[PDB]
């Protein structure tokens, strides 16, 4: 129905969507200001890690400091094949994408990293309150020259 309440929702979703698009398109030196898309207490980071705990960077300033590390370790990164998923919550979006670029981790050789990613974006007052990255860490191991364990699934059909 056409109500101002439903209109508010649409406008919120629409404004939020444009921020997701901006996030996912941010490259190079622009990455250093991408923290400004977050709430002051906003959280970002990697939720699928070998340790099992997330790497959660908390706060708009700590996120800016994190961008400096990210830009050196992933200097030429690009997200590709971006699919943005609005949800029934005008403040909650999912993104399915790929990404590729060099990976430069001290104590490993320079590598080429490619992976499939899912990102979660939750909003508050039109800024990002919580960004979470989900990927398969095994592809990151490969990129680092780290041997990947193999699970044998005997009986799996076929």
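In this text, rigid core is short for the largest set of C-alphas that superpose within 1.5 Å between two forms. Residue numbers count along the first chain shown, from 1.
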| query | finding |
| --- | --- |
| 6-14 against 143-151 - segment lying farther from this form in 8 other deposited structures of this protein (CA RMS, rigid core fit) | 6-14 |
| Ranked C-alpha temperature factor of residue 148 among modelled chain residues, by third | highest |
| Third of chain Cα B-factors occupied by residue 90 | middle |
| Residue 58 - which third its CA temperature factor falls in, relative to the rest of the chain | highest |
| Ranked C-alpha temperature factor of residue 10 among modelled chain residues, by third | highest |
| Chain thirds of CA B-factor: placement of residue 107 | highest |
